[PDB]
Amino acid sequence: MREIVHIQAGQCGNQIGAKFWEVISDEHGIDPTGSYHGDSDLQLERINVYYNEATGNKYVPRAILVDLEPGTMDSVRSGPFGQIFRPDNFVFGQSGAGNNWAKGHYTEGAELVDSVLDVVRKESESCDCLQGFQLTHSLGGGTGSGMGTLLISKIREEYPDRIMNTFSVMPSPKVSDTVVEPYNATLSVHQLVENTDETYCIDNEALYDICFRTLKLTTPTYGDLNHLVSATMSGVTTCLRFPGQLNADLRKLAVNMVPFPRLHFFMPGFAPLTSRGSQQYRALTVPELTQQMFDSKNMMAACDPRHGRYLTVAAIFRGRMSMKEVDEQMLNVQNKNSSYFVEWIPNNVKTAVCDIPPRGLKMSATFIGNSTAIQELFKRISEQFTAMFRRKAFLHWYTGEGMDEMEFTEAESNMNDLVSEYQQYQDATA
Amino acid sequence: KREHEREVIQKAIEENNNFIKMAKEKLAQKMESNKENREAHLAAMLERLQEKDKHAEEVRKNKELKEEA
Ligand SMILES: Nc1nc2c(ncn2[C@@H]2O[C@H](COP(=O)(O)OP(=O)(O)O)[C@@H](O)[C@H]2O)c(=O)[nH]1
Ligand SMILES: [Mg+2]
């Protein structure tokens, strides 16, 4: 009965957050009304991790919905699984954040954050043994980015001994809403490096390229992007939601994945890559899963793993398959490409198997890699940042909210430090 | 961090207020300078017109002085 409190902040945060709850509610046999109608006890054995029980055996997501405008949250309440959410956990303002980190972190969001922390507290008090928190948000906007990291800092103050986890969507000009996204992202990363234990880096650059090149979607929507996110999120939380030996809770995952405190930005991967309604008929063989899950084309962060080294890896296979063949294939990857795994962390690849597959598939595999190649992501954001900041472009939006140019300089420097720290261990030898 | 967060928002308040202030002062100063300038322009105009009246009195005075002689 180790509970996780979920928070979703902003448009992006609530969009994927909603899809996340749709997917796993279906995996746990919970319907839009909160009633269980599954055919396996494995579905309810660890249901308490993400759900609260009410009278009539109703299952209520331990989820808090946050935004500075009511737009997306009204869409969620009118969505398929809208009713399932605890109505009082809908915490929203009216002013919006205007894609402005400063508005979310210092002014507009500061006004709303206490209200959110009240709901968090009411949830946490009900917990038998709170593991920690998972946050879904984008880093390119204002609310999810600015207020999201504000929440994280406050939550760490009240719950300093609990694990902080995030699903952070990284901005990309291929799907850009605004030109100030590199600013918001750089300021957010600065917060994440300090105040999170585990961050899944979900790059919109990657999600777009996957949708276009692989899934052959000529005009990718956010729905096409979130089909990939929800599928990844379900996968990385499998070990948390079902019985298992490996990475069964947030802390044990952190201990396995995070050799150094600042280097906790994970590169997720998923196989097989599918589009919505594709409904493919041939299951993949265990060898096929293993080759694809490690393939660059299946990474949700636009980084080439062959350009860096793996510090740690977590692989999760779902569905009825040969655990013997899985072990063999996993051992085969490491032994065939041993150069890409740091030799000074022995046996840094851990594998889990879950009998229950995701809907629409007989076989699937989820990848979680702590690679030094993730620096490519932060480099990219840093280049976009400096291109504008060298001319102090668009800063007036931020100085108008009380921010000083120094705070940008500090944020940039810390991210450039993160990049250099990754490069340090990419060259390190035993 | 909490102290810095307070320092940022109260700086935003301070700058918004200082803008409102200086705008209010700039305007009141402009409307006062304009008032004094326009009144001075009108005052000078009448001052010249009133010297025409004085001159006209001297003309009629000068005629009366030339008459009996
Ligand atoms: N994958 C995905 N990304 C999104 C979505 N909505 C916005 N974004 C990304 O998030 C950034 C905009 O942030 P947004 O969530 O709209 O700002 P906020 O709601 O004020 O926190 C951009 O970089 C977008 O690419 C979404 O539904 N899906
Ligand atoms: Mg938006």
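Quick note, the sequences are listed as chains B and E, same order. In case it helps, the entry's author numbering puts the first sequence at residues 1 to 42, 45 to 360, 369 to 440. Residue numbering for the second sequence follows the entry's author numbering, starting at 75 and increasing by one per position. Cβ coordinates follow ideal geometry from the N, Cα and C atoms, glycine included.
At a cut-off of 7 Å between beta carbons, B/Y108 contacts chain E.
Following the DSSP letters along the chain, one finds B/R253 inside the alpha helix (DSSP H) bounded by residues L252 to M259. Against chain B, the CB of E/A86 has a partner CB under 7 Å away; the residue lies at that interface.
Around the CB of B/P184, 16 or more other CB atoms lie within 10 Å, so the residue is classed as buried. Following the DSSP letters along the chain, one finds B/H266 in no alpha helix (DSSP H), marked with neither H nor E. Under the rule that a run must span 4 or more residues, the alpha helix (DSSP H) segments found entirely inside the segment 129-184 of chain B read 150-160.
By the neighbour-count definition (other C-beta atoms within 10 Å, threshold 16), E/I94 is an exposed residue. Inter-segment contact for the segment 300-310 of chain B and the segment 411-424 of chain B is absent: fewer than three beta-carbon pairs are separated by less than 8 Å.
Taking 9 Å as the upper bound on Cβ-Cβ separation, chain E lies near residues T409, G410, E411, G412, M413, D414 and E417 of the segment 402-431 of chain B. Under the three-state reduction of DSSP, B/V351 is assigned to strand. Under the three-state reduction of DSSP output, B/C356 falls in the strand class.
A distance below 7 Å separates the beta carbons of B/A65 and B/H6. Comparing alpha-carbon positions, the option among B/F343, B/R400 and B/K389 lying closest to B/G379 turns out to be B/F343. In the displayed model, B/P63 falls within a strand according to three-state DSSP. Judged by DSSP in its simplified three-state form, B/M302 adopts coil rather than helix or strand.
Its Cα nearest to that of B/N349, the residue B/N258 stands out among B/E417, B/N258 and B/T292. Counting along the chain, B/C12 sits inside no beta strand (DSSP E); it lies in the alpha helix (DSSP H) bounded by residues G10 to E27.
If you compare the alpha carbons of B/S236, B/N102, B/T109 and B/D90 with that of E/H78, the shortest gap goes to B/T109.
B/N249 is positioned such that its CB atom lies no closer than 7 Å to that of B/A303. A straight-line Cα-Cα distance of about 23 Å links E/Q103 and E/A118. Between B/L114 and B/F92, the C-beta gap is not smaller than 7 Å, which leaves the two residues out of contact. Counting only residues of its own chain and dropping the five nearest sequence neighbours on each side, B/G95 has a CB closer than 6 Å to the CB of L70 and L114. Taking the Cα positions, B/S236 is about 29 Å away from B/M425. B/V429 and B/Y312 have their C-alpha atoms spaced approximately 15 Å apart.
Listed along chain E is no residue with a C-beta nearer than 7 Å to that of B/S97; the closest approach is about 14 Å. Under the DSSP assignment, B/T57 falls outside any beta strand (DSSP E); it carries neither an H nor an E label. By alpha-carbon distance to B/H266, the top candidate from B/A285, B/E327 and B/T198 is B/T198.
The alpha carbon of B/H28 has as its nearest neighbour, out of B/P63, B/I16 and B/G17, the alpha carbon of B/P63.
About 11 Å separates the beta carbon of B/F388 from that of B/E422, a gap too long to meet the 8 Å contact definition. Ranked by how close their Cα comes to the Cα of B/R123, the residues B/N102, B/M149, B/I157 and B/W103 have B/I157 in first place. Within the segment 111-140 of chain B, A112 place their CB atoms closer than 7 Å to a CB of chain E, listed in sequence order.
Pairing B/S392 with B/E386, the inter-Cα distance amounts to about 10 Å. The C-beta of E/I83 comes closer than 7 Å to at least one C-beta of chain B. Contact check for B/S232 against B/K19 passes: the beta carbons are separated by less than 7 Å. B/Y408: member of the alpha helix (DSSP H) spanning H406 to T409, first to last residue.
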